[PDB]
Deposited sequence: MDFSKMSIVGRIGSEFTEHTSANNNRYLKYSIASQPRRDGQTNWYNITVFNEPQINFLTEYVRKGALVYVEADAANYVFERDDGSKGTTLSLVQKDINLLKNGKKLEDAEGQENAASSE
């Protein structure tokens, strides 16, 4: 039973662009350290509607995503499976 789950806490540093939904998360563990940028893909429609209707840009979220890494150069896929809105972005 292979898997690759990713748990991310950070701020949504982009708008929700429709294509399924796509957005970026800025994760900065150390106040002085680096800021990690992850591209999130959302296929589940109930979560797509929750993002566009309730979540604003800059919101602090906790996202669980299935991770996929295609090698050809590597392409990292992060399909969101669940999200919890910690603090919205006003």
Any chance you could give me the deposited-sequence numbering of all the stretches lacking C-alphas? 20 to 26, 80 to 86, 105 to 119
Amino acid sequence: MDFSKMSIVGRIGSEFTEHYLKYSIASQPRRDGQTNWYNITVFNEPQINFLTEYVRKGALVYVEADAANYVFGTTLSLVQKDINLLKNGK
From here on, numbers count along this sequence of modelled residues.
What stretch has the higher average Cα B-factor here, 23 to 31 or 59 to 67? 23 to 31
If you average the Cα B factors in the entry, which is higher, 46 to 54 or 33 to 41? 46 to 54
Reading the B-factor column for Cα atoms of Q80, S77, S14, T74, the highest value belongs to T74
With respect to C-alpha B-factor, does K90 fall in the lowest, middle or highest third of the chain as deposited? highest
